[PDB]
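Peer 1: Quick one: structure below, then a few questions.
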Amino acid sequence: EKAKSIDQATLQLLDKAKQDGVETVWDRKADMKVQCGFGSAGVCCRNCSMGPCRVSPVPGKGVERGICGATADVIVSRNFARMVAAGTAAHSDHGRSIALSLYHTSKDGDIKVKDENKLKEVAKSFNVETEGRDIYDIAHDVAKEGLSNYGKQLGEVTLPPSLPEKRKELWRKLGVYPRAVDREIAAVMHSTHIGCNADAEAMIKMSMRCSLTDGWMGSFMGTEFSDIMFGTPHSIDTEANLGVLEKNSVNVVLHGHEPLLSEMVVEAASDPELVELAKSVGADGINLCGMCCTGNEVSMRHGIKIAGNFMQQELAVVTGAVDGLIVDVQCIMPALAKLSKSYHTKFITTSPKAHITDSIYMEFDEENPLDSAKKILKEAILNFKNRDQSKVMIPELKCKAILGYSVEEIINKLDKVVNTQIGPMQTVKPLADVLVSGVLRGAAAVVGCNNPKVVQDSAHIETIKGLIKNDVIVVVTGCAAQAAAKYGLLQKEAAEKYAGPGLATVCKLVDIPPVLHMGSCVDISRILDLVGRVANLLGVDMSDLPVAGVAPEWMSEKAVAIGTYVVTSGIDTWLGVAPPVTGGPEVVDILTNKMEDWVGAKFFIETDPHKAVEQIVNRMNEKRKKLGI
Amino acid sequence: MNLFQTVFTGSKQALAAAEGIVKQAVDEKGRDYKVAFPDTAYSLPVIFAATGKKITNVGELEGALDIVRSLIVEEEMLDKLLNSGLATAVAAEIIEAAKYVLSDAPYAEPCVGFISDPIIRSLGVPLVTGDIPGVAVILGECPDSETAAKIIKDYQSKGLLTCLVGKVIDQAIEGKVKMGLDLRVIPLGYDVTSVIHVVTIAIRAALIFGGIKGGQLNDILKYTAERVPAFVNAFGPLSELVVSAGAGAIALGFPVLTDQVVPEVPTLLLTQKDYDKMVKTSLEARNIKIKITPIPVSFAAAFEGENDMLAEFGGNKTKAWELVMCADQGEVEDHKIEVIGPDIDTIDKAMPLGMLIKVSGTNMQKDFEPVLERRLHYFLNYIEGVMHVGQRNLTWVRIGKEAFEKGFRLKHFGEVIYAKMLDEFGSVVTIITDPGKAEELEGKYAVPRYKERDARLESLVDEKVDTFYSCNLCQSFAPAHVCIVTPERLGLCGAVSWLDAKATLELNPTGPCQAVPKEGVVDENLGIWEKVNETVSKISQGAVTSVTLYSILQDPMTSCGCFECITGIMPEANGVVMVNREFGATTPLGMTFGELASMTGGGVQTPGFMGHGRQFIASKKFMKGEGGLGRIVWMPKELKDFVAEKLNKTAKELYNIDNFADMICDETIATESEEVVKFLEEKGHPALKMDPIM
Ligand code: SF4
Ligand code: SF4
Ligand SMILES: [Ca+2]
Ligand SMILES: [Ca+2]
Ligand SMILES: [Ca+2]
Ligand SMILES: [Ca+2]
Ligand SMILES: [Ca+2]
Ligand SMILES: [Cl-]
Ligand SMILES: [Cl-]
Ligand SMILES: [Cl-]
Ligand SMILES: [Cl-]
Ligand SMILES: [Cl-]
Ligand SMILES: [Cl-]
Ligand SMILES: [Cl-]
Ligand code: NI
Ligand code: NI
């Protein structure tokens, strides 16, 4: 049997899960046996009741077309586009909720404007005045202009400045320039409907246009507005892995993606009444932990310890020390409702967007957010009284990590390597300098979730370690960033242990780890911003720089939308899990070949992380030669 | 070509040049001819450092060419580039060693060529002691002799050892530069390879002073990078060979700064086109800090202590003010030395002085500024004939006639401030003599900055601190003064607040403001903590052992000399009196402010008398051990009116007195003790019904 994970804490609790007689994502993966091959190759269509239909992924043999006459390439391309539309929708609702919060800020209100400087700069992008006006009047105007990008039917959408004009004109020439966020989702869902688009090239171009409304808009707006209200991240210390849970404290684990609830549970944990309540139940205090993106958002701004990533969520409950597991939306395995019944843990659902049967439902009132968070957190604190300390088992394994590397913080840190009499301040010139000089052979972004098809964290760690050894600075987000935090790569000490000659030298000068944690996946917009800033400073397009993106163990439809907008933005993307495209020869050719001729970048599917690292380094050298660097 | 290919190319050219010269030595002197450098105990230093072997004959010198070949590995990775640079250094040594074989004395004045070991010994000690702050390796050609001489004379002015190679030697001569070992300007040679003659100085410093042995290349490269303060200044067009040589300098940890457009590498390879800034750029690039830092009159700590004045500004005569604000926009952020108002020259017989400073450099916090307002007092005091006292809005400066005779101008004020700000606040980084601008600006930015500043400790109480801060900056004049600082007891100078002292420790960890943990509580009314006494004993050197924070009679806190107000005991009125520096008349104690000051300061424990700022008056911990502010009996009208509502409220919180100020006597009512006690009896001061003060 293949190993389930590389992390020792994860393997320890997996044994406990077996002894306790509970099901895990690995058990359910095994139960699925040989998964379907039509669904795997993407040649199964259920877009109308004339179906279901299943064509042959092998051209020449089997059924050639669907009942409507749709060829395999059409079926595959429509299935792929719907994944992008769904992924874009997930990020769209996230950012939309943030923009609505920005519209309800107040001087003496629960949600305030913490970073005024950032809001002023963001107002310039939306053409909102910032002279002699109340900061909340500017915030509401910026929120209204941001909300327009979700559903404006007339006029043009507002894109961030970091985006090069060369890239914008290229999208225009190709016909993939972005329209309103929700409008594009409708366009994909419409053309994928029966009797509409039946051309692989056109469908894949429509999905790319939709994906752009995710990266340069919803995810970008979501990140920008979050930094305004909750603060822009700066270098901060934290601890990662399930060892962060404390046996004599109230363990409240925040899982999900929305940041406002997590931000309020943090503020609620400081309420004297709730601090005393934790003592009344007999606890050391309130131990706040996070998981997945929501845990990243709170750890980036408040250093809140990270309990774990996607496939570790069930094992956090298995410790028997989680008193309350508060969730919102995105990647909250429904299995947690049944699993929590075997332990004292109170699985609380708070979003009307994500109701889970058999879970305690405490709606998070967005009108009285702090009072709402206090009421939810109180239930988790009171549940400490129902703990069975005899069945508790927290692996004695945690790891130190540094995060909070926003573009502003990366720039602030780079200013320490700039002479007061030559280079300008607050610019990305030092990073472009090392990239052009050749000390840093390139810059890779390792992002992604976790999939049972791959050994948990194995591809993430093997890819990151391999890229940093070959002098390629690595930036991480989401579960990939958490995977690196647990292993110990998000440390200053990791540069001498795992980085190459050039990268270890740069780490010593800039005083940074060899791997930079830039946040959640909505924070992948920071990667686009950073790369875009380097492109503009060097007067070139994003496709001209020696950069690359990697998704070693993805699974979410969000990951497909991310990958698509990363490639459409001009950055080559590598996938560690093969998407359902095998059955469409034209679709495979488009994604892994013709795309290079449309956006200057393409997809690369590679399950072996060692081969992927070689391919990335070679591709970067190829782009360096074309640029003469 | 990219930086890598350029370096490889130049290294191959260096090897090709070393193969050609070595062939001449084998064909002309044979493979057994002795190869050696003049008076050196390390044969070929570079080869000796890398291999630990000594080259004695032409045959062995031929074999050393394989070391050059082994160091050139055309693979684009940093280590490979640096080794390629070391290959160029080894090739240059071979070329120069061969020069001494084909000619007994290949060099002649001005050029020196090889530097003998006795010179390394002679220069090595001052290098270690820091008397030679840096080694400027100037290489190439300048646009004109005027810019070459300008730079060389500037480096030599800071005591740096300048070494010249190339056409820059001829330019230094043409520009009338004094060259010699005693003059710290050594011309090594016209060829690029002669740069190796300064590289051997750094390598031999590692072998002689560093005590490292041959073959320990990594240890030698670490010694040069961390202990030899050298840097390269390459001017004019750079060939691939020169770039390759620059990689060798970078391999020894020496930054290369050039005036040409090259692929810049932060902190290692830089491009500065402004020749008038190349010196400051290079000194910063190699962390060389010069002790000497634009004003005809002398500037030093000797003029800190302190004839009539040409112009006086501030105090109780004109409205002057000082303000340091950190802001990235709103105005031109630069070394703009600007004076907006009637200049001092206009004055014919014995004006305001607005001082708004703006700094927006990286890593500058909005609560870090106060630490700047304080340092202005020190910078302005060091100016010969100028004195600065008072804190922010209430500031007093008196310019001296000598300075006017020296022709000093307000322009030099802006220069001294900016120049000292970059020197001291380097890691974290406008005069108005016109009434109108002084007015608006006073309240447009300063008052706000202040109000927000005071607002911090406005409601804060010592009830929640875990550590106090001890300052010893006043120890220059008062050798036993250790100023403890609390959110309620402020620095006697009136500027440093418990928070500014916190910021001072963040900026200068080894500065005057140091942490003192609040442990061993003995008394809360008198303020006696076992650690607080202990830390004072260490700084005072055994002079001050026991101390109280809220008591003027029992073991009081020592006073320095920057106190704006003084508080003296008046037993006949069962209270105390107060006097401000502005008051020039006698007090009930029969003493003037200057006479009182000579009884409080000097870093001595003086029971009954103490020095404090204008804020402590209203503080609850003011003489609380003696009854608090209730003891204040006499006070000048000027100070009374200023601190009137702040005392009337704090007094109500304690004795419920609603018009304490009205109960206080002043020079208007009477000064004589007998008349003051009569006024106190008529009104009914609490001090009369309080317990005996002594
Ligand atoms: S879209 Fe075509 S292949 Fe799919 S279910 Fe409908 S008729 Fe069948
Ligand atoms: S009076 Fe006190 S706080 Fe002020 S400079 Fe002197 S020792 Fe420091
Ligand atoms: Ca922006
Ligand atoms: Ca001798
Ligand atoms: Ca090799
Ligand atoms: Ca001339
Ligand atoms: Ca020239
Ligand atoms: Cl198992
Ligand atoms: Cl179960
Ligand atoms: Cl339990
Ligand atoms: Cl920039
Ligand atoms: Cl491993
Ligand atoms: Cl000397
Ligand atoms: Cl250096
Ligand atoms: Ni003093
Ligand atoms: Ni003093």
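Residues in the structure tokens are numbered from 1 in each chain, the chains being A, B, ... in the order shown, and ligands are numbered from 1 in the order shown.
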Using only C-alpha atoms and all ligand atoms, determine which residues fall within 7 Å of ligand 16, then list them as a list in words.
Peer 2: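 Listing the residues within 7 Å of ligand 16 gives residues 474, 492, 493, 560, 561, 562 and 563 of chain B.
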Peer 1: Would you output that residue set with N, CA, C and O atoms, as an mmCIF file, in the first residue's frame?
Peer 2:
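Below you can see result01.cif, which holds the result:
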```cif
data_model
loop_
_atom_site.group_PDB
_atom_site.id
_atom_site.type_symbol
_atom_site.label_atom_id
_atom_site.label_comp_id
_atom_site.auth_asym_id
_atom_site.auth_seq_id
_atom_site.Cartn_x
_atom_site.Cartn_y
_atom_site.Cartn_z
ATOM 1 N N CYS B 474 22.187 62.751 30.076
ATOM 2 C CA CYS B 474 22.609 63.963 30.831
ATOM 3 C C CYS B 474 23.879 63.680 31.640
ATOM 4 O O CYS B 474 24.358 64.607 32.321
ATOM 5 N N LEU B 492 13.303 64.652 33.290
ATOM 6 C CA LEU B 492 13.426 66.023 33.801
ATOM 7 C C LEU B 492 13.558 67.041 32.663
ATOM 8 O O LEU B 492 13.217 68.209 32.840
ATOM 9 N N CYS B 493 14.010 66.624 31.484
ATOM 10 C CA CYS B 493 14.182 67.660 30.431
ATOM 11 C C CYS B 493 12.812 68.067 29.873
ATOM 12 O O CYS B 493 12.727 69.171 29.301
ATOM 13 N N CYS B 560 19.519 67.037 36.934
ATOM 14 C CA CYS B 560 20.610 67.319 35.993
ATOM 15 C C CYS B 560 20.860 68.829 35.751
ATOM 16 O O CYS B 560 21.751 69.400 36.376
ATOM 17 N N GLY B 561 20.102 69.452 34.848
ATOM 18 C CA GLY B 561 20.270 70.871 34.548
ATOM 19 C C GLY B 561 19.373 71.409 33.447
ATOM 20 O O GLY B 561 19.438 72.595 33.120
ATOM 21 N N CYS B 562 18.525 70.549 32.867
ATOM 22 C CA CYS B 562 17.601 70.913 31.788
ATOM 23 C C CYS B 562 16.161 71.102 32.275
ATOM 24 O O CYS B 562 15.260 71.246 31.453
ATOM 25 N N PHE B 563 15.984 71.134 33.601
ATOM 26 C CA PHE B 563 14.630 71.291 34.193
ATOM 27 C C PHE B 563 14.055 72.664 33.834
ATOM 28 O O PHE B 563 14.765 73.671 34.016
#
```
Peer 1: Residues up to 6 Å from ligand 9, counting only C-alpha atoms and all ligand atoms: could you list those as a CSV table (one decimal) with C-alpha atoms, in the first residue's frame?
Peer 2:
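Okay, selection_6.csv is ready:
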```csv
chain,number,residue,atom,x,y,z
A,22,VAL,CA,-13.7,6.5,12.2
A,23,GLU,CA,-13.7,7.2,8.4
A,338,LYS,CA,-20.7,12.6,11.0
A,339,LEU,CA,-17.1,12.5,12.4
```
Peer 1: Which is closest to ligand 14 among B:3, B:647, B:228, B:208, if we use only C-alpha atoms and all ligand atoms?
Peer 2: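 For ligand 14, the nearest of the candidates is B:228.
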Peer 1: At a cut-off of 6 Å, using only C-alpha atoms, what residues contact residue A:42? Leave out same-chain residues fewer than 4 positions from it and give the result as a ChimeraX atom specification.
Peer 2: /A:38,76,580-581
Peer 1: Take the residues from that selection and write them out as a tab-separated table (two decimals), in the first residue's frame, keeping C-alpha atoms.
Peer 2:
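Contents of result.tsv, freshly written:
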```
chain	number	residue	atom	x	y	z
A	38	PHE	CA	-15.18	8.65	-18.83
A	76	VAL	CA	-14.27	17.90	-22.71
A	580	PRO	CA	-10.18	15.73	-16.97
A	581	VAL	CA	-8.93	16.59	-20.50
```
Peer 1: If we count only C-alpha atoms and set the cut-off at 7 Å, which residues sit around stretch 670-677 of chain B, ignoring sequence neighbours fewer than 5 positions away in its own chain? Please answer as a PyMOL selection string.
Peer 2: chain B and resi 573+587-588+665
